[PDB]
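The numbering of the sequence shown is my numbering, which starts it at 381 and goes up by one.
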Amino acid sequence: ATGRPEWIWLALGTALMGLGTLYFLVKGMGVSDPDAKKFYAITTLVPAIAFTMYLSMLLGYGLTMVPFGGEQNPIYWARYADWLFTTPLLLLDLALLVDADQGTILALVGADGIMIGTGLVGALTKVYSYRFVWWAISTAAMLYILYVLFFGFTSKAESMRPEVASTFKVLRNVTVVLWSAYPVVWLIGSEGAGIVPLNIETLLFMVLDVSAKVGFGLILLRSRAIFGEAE
Ligand SMILES: CCCCCCCC/C=C/CCCCCCCC(=O)OC[C@H](O)CO
Ligand SMILES: CCCCCCCC/C=C\CCCCCCCC(=O)OC[C@H](O)CO
Ligand SMILES: CCCCCCCC/C=C\CCCCCCCC(=O)OC[C@H](O)CO
Ligand SMILES: CCCCCCCC/C=C\CCCCCCCC(=O)OC[C@H](O)CO
Ligand SMILES: CCCCCCCC/C=C\CCCCCCCC(=O)OC[C@H](O)CO
Ligand SMILES: *C\C=C(C)/C=C/C=C(C)/C=C/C1=C(C)CCCC1(C)C
């Protein structure tokens, strides 16, 4: 018996990420269109990275104890190593779908790195009140990203192939609804106010992670928008 009550959700998350990796890897076999190859490679790497980090949490490697509030608090730091590499890849899927300009992609990836990097600092900070200063900076970086996705990409997708505009609009709406939930769980969870216990928080993140990575990929890779217009 594992002593951590949240282990059942880490085990399920590891299995779904693994099955998602294998499904995408087999579906991509034989795809020869170079454009589709780009989206298969980016989208298959997302669950493959998350699989190794969920496994590290399940085995206890990606966990550490952070003193704050007079209590040793168990912080899963492996979540941020996961998100550092998977969240910019998800943004690249959207940016390449709309043929975004290079300067915009750099702005998105750079703000994404600030978002995850300050969230890591906030999770490891020992002065309790300062943890919410880093939460606020990270959340401001996210709001810059959400703005670009609505008032920068949407304007350009509408001037492209109808299948690209329709698929982008769906993946854009999914992204904004799912990404906006992460700061709320972090704030009321063990990393912040501590109102939700760690076992329920782990359940919430696992549902969000699978929907935002596997659910996101199932919508993208079944669409014709990833293929170049050909006869
Ligand atoms: C798509 C099909 C799948 C649908 C799945 C979506 C569900 C997402 C998970 C939700 C939160 C549930 C958390 C369980 C509630 C536990 C809270 C509780 O009862 O705590 C009691 C405490 O002892 C006294 O307050
Ligand atoms: C039980 C199963 C557990 C889950 C599996 C273990 C994951 C770790 C292993 C391998 C990395 C394999 C390669 C990952 C890179 C995939 C990129 C890709 O396939 O892109 C296709 C593109 O079209 C090509 O040009
Ligand atoms: C397109 C870009 C593709 C990017 C592909 C990158 C995927 C790498 C994945 C995983 C291993 C992560 C391991 C992180 C190493 C942490 C080890 C550490 O520093 O631990 C310190 C201390 O010993 C204990 O707390
Ligand atoms: C956590 C930090 C590490 C991970 C961060 C991920 C950043 C990935 C790199 C670059 C974006 C630079 C612009 C790349 C966009 C090029 C798309 C394009 O416009 O087409 C040109 C392309 O060469 C086809 O011809
Ligand atoms: C645009 C989409 C993304 C937006 C993301 C930003 C949303 C920030 C929301 C709320 C602050 C609410 C804070 C409430 C925390 C109070 C906890 C507390 O101290 O109360 C203890 C508890 O009530 C005793 O049981
Ligand atoms: C792999 C799945 C997704 C959708 C991951 C998204 C992560 C975030 C939106 C993280 C947000 C954070 C902020 C803005 C503030 C608290 C710390 C976080 C890093 C969790």
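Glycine included, every Cβ here is placed at the ideal spot set by N, Cα and C.
Relative to the C-alpha of residue i, which candidate in the options has its C-alpha closest?
i           : options                        : result
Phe431      : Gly450, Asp462, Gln452, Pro454 : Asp462
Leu477      : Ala416, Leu405, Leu588, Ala520 : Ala416
residue 621 : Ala545, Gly449, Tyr460, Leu472 : With the chain running from 381 to 611 in the structure shown, residue 621 is simply not present.
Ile525      : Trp514, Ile429, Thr484, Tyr441 : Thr484
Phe512      : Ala391, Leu601, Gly502         : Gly502
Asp479      : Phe419, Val446, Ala491, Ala458 : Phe419
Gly398      : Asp473, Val426, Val489         : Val426
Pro468      : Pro454, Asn453, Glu451, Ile496 : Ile496
Using a 10 Å radius around the Cβ and a threshold of 16 neighbouring Cβ atoms, would you call residue i buried or exposed?
i      : result
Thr382 : exposed
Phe530 : exposed
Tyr441 : exposed
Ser546 : exposed
Does the beta-carbon of residue i, which I'm using as the reference point, lie nearer than 6 Å to any heavy atom of ligand 6?
i      : result
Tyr510 : no
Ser518 : yes
Taking 6 Å as the cut-off, is the beta-carbon of residue i closer than that to any non-hydrogen atom of ligand 8?
i      : result
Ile494 : Ligand 8 is absent from the structure shown, which contains only ligand 1, ligand 2, ligand 3, ligand 4, ligand 5 and ligand 6.
Can you determine whether any heavy atom of ligand 1 sits closer than 6 Å to the C-beta of residue i, and answer yes or no?
i      : result
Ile575 : no
Using only the heavy atoms of ligand 5, determine whether one of them is closer than 6 Å to the beta carbon of residue i.
i      : result
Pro563 : yes
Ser560 : yes
Just to confirm, is the Cβ distance from residue i to residue j under 7 Å?
i      : j      : result
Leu558 : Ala592 : yes
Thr394 : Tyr434 : yes
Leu583 : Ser570 : no
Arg604 : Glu538 : no
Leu443 : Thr424 : no
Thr505 : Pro563 : no
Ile494 : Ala521 : yes
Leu439 : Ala391 : no
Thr466 : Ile429 : yes
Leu471 : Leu486 : no
Answer yes or no: the CB of residue i versus the heavy atoms of ligand 2, is any distance below 6 Å?
i      : result
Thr424 : yes
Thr401 : yes
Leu470 : no
Can you find a heavy atom of ligand 3 that lies under 6 Å from the Cβ of residue i?
i      : result
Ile429 : yes
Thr467 : no
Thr432 : yes
Is it the case that the CB of residue i approaches a heavy atom of ligand 4 more closely than 6 Å?
i           : result
residue 613 : Lying outside 381 to 611, the shown extent of the chain, residue 613 is not represented and no answer is given.
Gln452      : no
Runs of alpha helix (DSSP H) wholly within the region 451-497 (minimum 4 residues, chain order) | Restricting attention to alpha helix (DSSP H) runs no shorter than 4 residues, the region 451-497 encloses them at 458-478, ordered along the chain.
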